[PDB]
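Structure, as structure tokens:
So basically every Cβ, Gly included, is an ideal-geometry build from the backbone, and we count neighbours across all protein chains shown. Rule-based calculations on the coordinates, nothing more; no lab input.
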Amino acid sequence: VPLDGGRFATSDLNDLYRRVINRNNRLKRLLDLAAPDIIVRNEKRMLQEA
Amino acid sequence: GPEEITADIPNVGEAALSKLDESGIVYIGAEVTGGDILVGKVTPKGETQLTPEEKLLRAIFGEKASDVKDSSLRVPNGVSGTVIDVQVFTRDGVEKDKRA
Amino acid sequence: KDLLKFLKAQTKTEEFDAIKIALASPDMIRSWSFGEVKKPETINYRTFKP
Amino acid sequence: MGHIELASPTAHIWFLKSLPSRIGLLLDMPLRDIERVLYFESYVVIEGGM
Amino acid sequence: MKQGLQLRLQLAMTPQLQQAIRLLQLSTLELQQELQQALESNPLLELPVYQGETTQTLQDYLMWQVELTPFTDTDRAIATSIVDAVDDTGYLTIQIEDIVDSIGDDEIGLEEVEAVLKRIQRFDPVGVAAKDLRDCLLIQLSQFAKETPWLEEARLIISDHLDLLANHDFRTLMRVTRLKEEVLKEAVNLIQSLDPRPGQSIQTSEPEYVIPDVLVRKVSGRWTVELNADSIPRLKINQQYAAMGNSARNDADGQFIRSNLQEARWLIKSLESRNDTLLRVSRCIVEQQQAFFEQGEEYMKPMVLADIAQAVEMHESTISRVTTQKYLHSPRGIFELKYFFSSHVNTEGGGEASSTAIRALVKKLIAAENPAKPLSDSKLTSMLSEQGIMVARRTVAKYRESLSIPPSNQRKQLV
DNA sequence: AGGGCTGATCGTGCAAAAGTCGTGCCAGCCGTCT
DNA sequence: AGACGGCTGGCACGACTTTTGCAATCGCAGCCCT
């Protein structure tokens, strides 16, 4: 549903979905290097939350 | 490409253009009925190649090359009338000022 | 495709009777989905494509 | 429709969070206890008879 | 004394700032693409429907009529295939033979394809599926009644005399077609209004696409230029991991996390400094623009990489990478940084600079010469002599091609 | 208590090759024209 | 009707620009073994 002529703005139509994909990718990058416990747990908690 | 107000809508009838002046600004004071174009703008598009079909087209007719599409403004549907006054906002940086 | 039934194959409806509702496990989540998501970008503004 | 890999598990935050604590019903997980646990916030024993 | 070169005045390079410059010369759209693809692993580096209305898109509007038109399964398939490879202008993309091959029916022949196309040639609009448009304008005129005069002259011209009008060769056209003097132009004009690319007419709508990266608003003379704040990338240091490192029992592992974080902080600060150096460079450029842009591209001095890098301490490579693929929205609008520089010349304006909008408005005046014929390069030279700035006919042809003007003996038209 | 000692540091701009343009200017041409 | 011409562009050569593509030493001192 583009608004300004420029930007589409499927806000939460993907902003939730997009944030989800983004954190998912970040995780796939991080814990594969034997993630630090604090970071990994906080991230997974945010993941469940999101 | 910049869309331009020239009333030069391609594939258009003169009577539609007839109420339009050189600007596309239709002469002030006319009646309106139906949905004819009030502001005559065109959207520039990307250029054509050698394009033997389009080459032969621009050889036959030319001056258009489909370079722009009729990108014009008209009277609202079922809403008609005659004007009493008008307005326009030219941002600084362009100095067209056609019927303006 | 003979282009007569391929056009014709678009439209048909079934009995669909006795609509049920029950839970679901992720294997069929892979099955129903024609794919799984990987990136949080949706389209371009540089070319405006998927 | 698409899918996603989802290595980080995803129970229905729907599940067991309504009046029927379904998971609290199945694992007998006490709602306070299960609640503390899922925030990755308990490190509760899982099994272990020795 | 005895001159020459004499010994006087090493280590290891790394592509660090080099990759950074690779980013900067790369455009901020894909540059942010990498910036995301970069910050991903660096863990310390930070309705659904609305209006939801469908449209015709023309070809489906043609299909709408085809559905109401009587057609067979093979006829529907041929018409649909014809519709599939259709251009925006409304001309046929593939030839009849390619359509026959696509149908893949030996029963399907070129004649059946032509009959199907013709039954669908003028349904909506006239001149659809032009198929190397020429007979398309012919069908359009045929749609018009013969009561219109000079229809015969226009028809004979369009029959096999497209070339004579292609070069605007009115004398050769009259000598060939034996067309009437001062009257054949009437057939030419009736042909001129023939709805070319009539399918292009349906297409009219677009959304906006240009990214204001920097903004100079001409704030009280000598514009207050400012970049786009949201467009400027920035990371957030993992303060949690910053506090998750030292106390880590592996104080080595956590302090190494701290060290990598500090290095990335250096990287981000360097990028911001790159932005700020581009910004002060933009300040100089905007000082230039308060006259140039305010006087427009016509009164614009050609600048050089040397010239700008001199005003800064930035290296010539530094700037040369810095601005690559950069555009800013100004009071004029969104303008590219790569557009900023221009080659200088030997004009007798007392100096060396670039043609630009001078060349464009020169094309404008050369066209503004009697609409009978385009102004030749001598006209440009005289116009420049009036301008008091030296310009040459080879230079004129150059600047005209820069303005992409039509040739002198190609743009001659009946007044 | 001495040796070895070894890889632990930490940078970046400009050059060299390339390209690439200004600028015009000769060859063919078209206009037409006397 | 044939040389006129004005143009235009290929042609080439300088004039300017221009990116890319390099690769530790001086110490250190910690380690490790002996």
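For segment A:13-30: of the residues being more than 9 Å from chain E (Cβ to nearest Cβ) and surrounded by fewer than 16 Cβ atoms within 10 Å (Cβ to Cβ), which is nearest to the chain's Cα centre (by Cα)?
Out of the qualifying residues, it is A:19.
Mind listing whichever residues of segment E:377-406 are within 10 Å of DNA strand F (Cβ to nearest atom), of a type outside the set (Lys, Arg) and within 29 Å of residue B:60 (Cα to Cα)?
Correct list: E:377, E:396, E:397, E:399, E:401, E:402.
When you look at residue E:185, is it buried (at least 20 other Cβ atoms within 10 Å of the Cβ), of a type in the set (D, E, K, R), more than 9 Å from chain B (Cβ to nearest Cβ) and over 32 Å from the mean Cα position of the chain (by Cα), yes or no? Give the steps one after another, and end with the answer.
Working: buried (at least 20 other Cβ atoms within 10 Å of the Cβ): yes; of a type in the set (D, E, K, R): yes; more than 9 Å from chain B (Cβ to nearest Cβ): yes; over 32 Å from the mean Cα position of the chain (by Cα): yes.
Yes; evaluated as a whole, the condition is true for this residue.
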Determine whether residue E:283 is within 14 Å of DNA strand F (Cβ to nearest atom) and more than 14 Å from every other protein chain (Cβ to nearest Cβ). no
Of everything in segment E:76-122, what is among the β-branched types (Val, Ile, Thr) and closer than 23 Å to residue B:46 by Cα? Give them in sequence order. E:83, E:86, E:89, E:93, E:94
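Name the one entry in E:260, E:228, E:250 that is closer than 30 Å to residue B:71 by Cβ, within 14 Å of chain A (Cβ to nearest Cβ) and surrounded by fewer than 19 Cβ atoms within 10 Å (Cβ to Cβ).
Numbers: E:260 fails: closer than 30 Å to residue B:71 by Cβ; E:250 fails: closer than 30 Å to residue B:71 by Cβ.
From the options E:260, E:228, E:250, the qualifying one is E:228.
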Look at residue E:216 and say whether it is under 30 Å from the mean Cα position of the chain (by Cα), surrounded by 16 or more Cβ atoms within 10 Å (Cβ to Cβ) and within 13 Å of another protein chain (Cβ to nearest Cβ). yes
In segment E:61-91, the residues that are within 14 Å of chain C (Cβ to nearest Cβ) and under 19 Å from residue E:199 (Cα atoms): E:63, E:66, E:79, E:80, E:81, E:82, E:83, E:84
Does segment E:185-212 hold any residues that are out of contact with any helix residue (DSSP H, G or I) (no Cβ under 6 Å at 6 or more places or on another chain) and either of a type in the set (A, V, I, L, M, F, W, C) or within 16 Å of DNA strand F (Cβ to nearest atom) (or both), and which are they? E:185, E:188, E:202, E:210, E:211
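Helices (runs of 4 or more DSSP H) wholly in segment E:296-372 with at least 3 residues that are farther than 25 Å from residue E:390 by Cβ and within 16 Å of DNA strand F (Cβ to nearest atom) - which ones? Lay out the reasoning, then the answer.
Working: elements: E:305-311, E:316-322, E:357-368.
So the answer is E:305-311, E:316-322.
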Filter segment C:2-27 for residues that are more than 21 Å from residue A:21 (Cα to Cα) and within 11 Å of chain D (Cβ to nearest Cβ); the one that is nearest to the chain's Cα centre (by Cα) is C:24
Condition first: surrounded by 12 or more Cβ atoms within 10 Å (Cβ to Cβ) and assigned to a strand (DSSP E or B). Can you find one or more residues in segment B:44-58 that meet it? yes
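Within 17 Å of residue E:414 (Cα to Cα) and of a type in the set (S, T, N, Q): does that describe residue E:172?
yes
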Just for segment E:368-406: of the residues that are exposed (fewer than 14 other Cβ atoms within 10 Å of the Cβ) and within 14 Å of chain B (Cβ to nearest Cβ), which one is nearest to DNA strand G (Cβ to nearest atom)? E:404
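Please count how many residues of segment E:167-192 are in contact with a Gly (Cβ under 9 Å, 6 or more places away or on another chain) and hydroxyl-bearing (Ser, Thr, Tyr). Reasoning before the result, please.
Step one: filter segment E:167-192 for residues in contact with a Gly (Cβ under 9 Å, 6 or more places away or on another chain), giving E:168, E:192.
When the remaining residues are screened for being hydroxyl-bearing (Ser, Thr, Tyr), the result is none.
Residues in segment E:167-192 being in contact with a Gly (Cβ under 9 Å, 6 or more places away or on another chain) and hydroxyl-bearing (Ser, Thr, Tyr): 0 in total.
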Please pick out the residue among E:17, E:45 that is within 14 Å of chain A (Cβ to nearest Cβ), farther than 30 Å from residue A:3 by Cα and surrounded by 14 or more Cβ atoms within 10 Å (Cβ to Cβ). E:45
Candidate set from segment A:31-45 (those that are aliphatic (A, V, I, L, M), over 15 Å from residue E:39 (Cβ atoms) and surrounded by 14 or more Cβ atoms within 10 Å (Cβ to Cβ)); member that is nearest to the other protein chains (Cβ to nearest Cβ): A:38
